[PDB]
Each structure stands twice: as C-alpha cells, then as structure tokens.
Amino acid sequence: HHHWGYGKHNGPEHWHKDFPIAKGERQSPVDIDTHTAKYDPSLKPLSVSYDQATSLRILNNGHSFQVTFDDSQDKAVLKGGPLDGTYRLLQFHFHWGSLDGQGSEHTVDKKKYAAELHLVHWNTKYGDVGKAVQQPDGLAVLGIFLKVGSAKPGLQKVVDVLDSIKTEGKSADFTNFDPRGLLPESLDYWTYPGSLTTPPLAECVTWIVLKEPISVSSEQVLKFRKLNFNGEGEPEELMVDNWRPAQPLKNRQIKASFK
Ligand SMILES: [Zn+2]
Ligand SMILES: [Zn+2]
C-alpha cells in the first residue's frame with residue numbers, strides 16, 4: 001500500500017511535499033520539442049532481446065497495473081542505444097487517460113497520447129533493482145505511446161485478465177507472456193536523463209521513448225479505465241488519469257536517434 005495517488009489532494013502537484021526531489025534537476029516526464037531535440041549520430045542501435053522473457057504475475061498496485069518478470073538471470077534484456085552494459089526487464093505497466101486525448105506522460109510537441117507503456121529495466125552492474133535506483137544510470141525505461149485504432153493482438157492476454165484485478169491489491173498469475181507483442185515496428189527513439197515518474201521520483205533513469213505509437217482498440221483501453229485505485233468495498237475511484245504532467249527540462253538535452 002501507498003499514500004499517494006493522482007487526485008486533487010494526493011496527486012502530482014503535491015508530491016514534492018514528501019519527495020522534495022520532485023522539484024529536482026532531472027525530473028520526468030518531459031515534453032519532447034522536436035524543433036530542439038537534436039539527432040545524435042553517436043547513438044548506437046537499440047537492442048531488445050526478449051525471447052527468453054519469463055512473466056510472473058499481474059498486480060493492481062493502487063496506481064496502475066504491473067506485470068512482473070524473472071530478472072534473476074539475463075533473460076529479457078535491453079542493450080545498445082544510449083546504454084552501457086545490460087539492463088534486465090523487471091516489469092511493465094501503463095499510464096492512461098479518462099479520454100483518448102490525454103493519458104501519456106511524455107508529450108511530443110505538446111501532443112498527449114491516449115496512454116503510455118513503460119518497460120522498466122535495471123542495470124546489472126548493480127545487485128538488484130534496489131541498489132540500481134540509487135545510481136544515475138541504474139534504470140532504463142523504454143516508453144511506448146498508445147493511440148486508439150485497431151486492436152493490438154499482443155495486448156489481449158493482459159486485457160482479458162483485468163476484470164480479475166479490479167481493486168488495489170488484487171493479483172493473478174500471468175505466465176507465458178511475450179512482451180515483444182507490445183512493441184511497434186520501428187525502434188526510432190528519443191533519449192534523455194531523467195527520473196521515475198512515480199514516487200520516489202529518484203533521478204536514476206535513462207529514458208528511451210519510441211517515436212512510433214502502438215495502436216490499441218477502444219475495447220482494450222476501456223478495460224484499463226474500469227480498474228479502481230481503491231481497495232475492495234472502498235469508495236470507487238476509477239483508475240484513470242494516472243499520469244504525471246511534463247516537468248521542467250532545466251539544463252538537459254533530449255537526443256534523437258534519427259534525423
Ligand atoms: Zn505498501
Ligand atoms: Zn511509468
């Protein structure tokens with residue numbers, strides 16, 4: 001359980017009261033201004049190696065739903081792009097809106113997408129996620145925008161279990177899932193140094209935000225929107241608009257992998 005949320009009283013505007021790093025120098029998300037984000041030809045190609053992925057559980061954590069992976073060995077890993085070394089996939093989760101016109105955390109020329117998928121990875125130079133979160137290169141989060149259109153067949157297994165995890169703390173087995181089914185065809189990206197977008201807002205993340213959104217259906221996104229922030233029998237707070245808005249870029253540069 002957790003004290004914070006996305007309401008007027010417990011939401012992003014107030015997180016700095018408990019997490020003063022909320023007003024820090026490398027906070028996420030950010031707007032990606034395509035007039036000022038510059039192509040960097042020294043960026044390597046991004047390497048997604050998810051064939052050996054081992055999914056474990058799906059959980060309503062009170063702010064989102066998350067799907068966890070066995071990160072005890074190099075199985076599903078992210079390498080290349082801006083990264084040095086190997087980063088193991090730990091979990092994925094989403095942020096979404098009440099309406100299709102909002103829901104993403106990152107924006108592109110101020111445009112908000114209907115949702116955003118985060119695949120969270122940690123740097124194996126550290127022992128575990130707990131050590132990695134204390135370092136500036138501890139995590140790599142691969143961010144993928146969702147737009148509404150045709151169904152994403154690789155999302156359907158997720159959508160099909162959401163009715164079983166409606167309220168905070170509900171969970172299920174979630175085995176044999178292939179996260180490659182959530183990727184777009186193109187791996188062109190923007191990258192910058194930032195932070196977790198949820199508490200504790202640690203400044204430990206290399207963000208890799210893909211340019212090409214995936215398409216999901218209205219049925220699929222509606223299932224997201226029928227989840228609850230609350231626990232069982234508590235006053236219903238539909239789980240929508242669980243996104244932090246864009247934060248000041250301060251001294252940073254966003255780099256593009258493409259011209
Ligand atoms: Zn807790
Ligand atoms: Zn996230």
# chains A, B, ... in the order shown; residues from 1 in each chain; ligands from 1
call {"tool": "residues_near_ligand", "arguments": {"ligand": "ligand 2", "cutoff": "9 Å", "atoms": "only C-alpha atoms and all ligand atoms", "output": "JSON, numbers by chain"}}
result
{"A": [64, 92, 93, 94, 95, 105, 116, 117, 118, 119, 120, 141, 143, 196, 197, 198, 243]}
call {"tool": "residues_near_ligand", "arguments": {"ligand": "ligand 1", "cutoff": "9 Å", "atoms": "only C-alpha atoms and all ligand atoms", "output": "PyMOL selection string"}}
result
chain A and resi 1-3+61
call {"tool": "write_last_selection", "arguments": {"atoms": "N, CA and C atoms", "output": "tab-separated table (two decimals), in the first residue's frame"}}
result
chain	number	residue	atom	x	y	z
A	1	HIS	N	0.86	-1.21	0.00
A	1	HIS	CA	0.00	0.00	0.00
A	1	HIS	C	0.87	1.23	0.00
A	2	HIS	N	0.26	2.35	-0.39
A	2	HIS	CA	0.95	3.62	-0.71
A	2	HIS	C	0.05	4.78	-0.37
A	3	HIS	N	0.61	5.92	0.03
A	3	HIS	CA	-0.21	7.07	0.48
A	3	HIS	C	-0.64	8.03	-0.65
A	61	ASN	N	-1.57	-2.30	-8.30
A	61	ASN	CA	-0.74	-1.77	-7.24
A	61	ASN	C	-1.31	-0.50	-6.61
call {"tool": "residues_around", "arguments": {"residues": "residue A:12", "least_positions_apart": "6", "cutoff": "12 Å", "atoms": "only C-alpha atoms", "output": "NGL selection string"}}
result
:A and (4-6 or 18-20 or 22-23 or 28-29 or 105 or 197-201 or 241-247)
call {"tool": "select_by_dssp", "arguments": {"residues": "stretch 138-186 of chain A", "states": "alpha helix (DSSP H)", "output": "list in words"}}
result
residues 156, 157, 158, 159, 160 and 161 of chain A
call {"tool": "closest_atom_pairs", "arguments": {"of": "stretch 60-81 of chain A", "to": "stretch 35-55 of chain A", "cutoff": "9 Å", "atoms": "only C-alpha atoms", "output": "Markdown table"}}
result
| residue | atom | partner | partner_atom | distance |
| --- | --- | --- | --- | --- |
| A:67 | CA | A:55 | CA | 7.1 |
| A:68 | CA | A:55 | CA | 5.9 |
| A:69 | CA | A:55 | CA | 4.3 |
| A:70 | CA | A:54 | CA | 5.5 |
| A:71 | CA | A:54 | CA | 8.3 |
| A:74 | CA | A:52 | CA | 8.4 |
| A:75 | CA | A:52 | CA | 4.8 |
| A:76 | CA | A:50 | CA | 4.1 |
| A:77 | CA | A:49 | CA | 5.3 |
| A:78 | CA | A:48 | CA | 4.9 |
| A:79 | CA | A:47 | CA | 5.1 |
| A:80 | CA | A:46 | CA | 4.6 |
| A:81 | CA | A:46 | CA | 4.2 |
call {"tool": "write_last_selection", "arguments": {"atoms": "C-alpha atoms", "output": "PDB file, in the first residue's frame"}}
result
ATOM      1  CA  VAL A  67       3.297  -7.338 -14.977  1.00  0.00           C
ATOM      2  CA  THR A  68       6.467  -8.729 -13.416  1.00  0.00           C
ATOM      3  CA  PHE A  69       9.307 -10.810 -14.923  1.00  0.00           C
ATOM      4  CA  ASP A  70      12.019 -13.115 -13.595  1.00  0.00           C
ATOM      5  CA  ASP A  71      15.021 -10.829 -13.502  1.00  0.00           C
ATOM      6  CA  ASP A  74      19.696 -12.307 -18.141  1.00  0.00           C
ATOM      7  CA  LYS A  75      16.513 -13.362 -19.913  1.00  0.00           C
ATOM      8  CA  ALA A  76      14.706 -10.343 -21.351  1.00  0.00           C
ATOM      9  CA  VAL A  77      17.267  -7.535 -21.631  1.00  0.00           C
ATOM     10  CA  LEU A  78      17.799  -4.150 -23.246  1.00  0.00           C
ATOM     11  CA  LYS A  79      21.226  -3.185 -24.613  1.00  0.00           C
ATOM     12  CA  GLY A  80      22.619  -0.582 -27.027  1.00  0.00           C
ATOM     13  CA  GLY A  81      21.157   2.780 -27.847  1.00  0.00           C
TER      14      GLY A  81
END
call {"tool": "closest_residue", "arguments": {"among": "A:133, A:216, A:58, A:239", "to": "residue A:150", "atoms": "only C-alpha atoms"}}
result
A:216
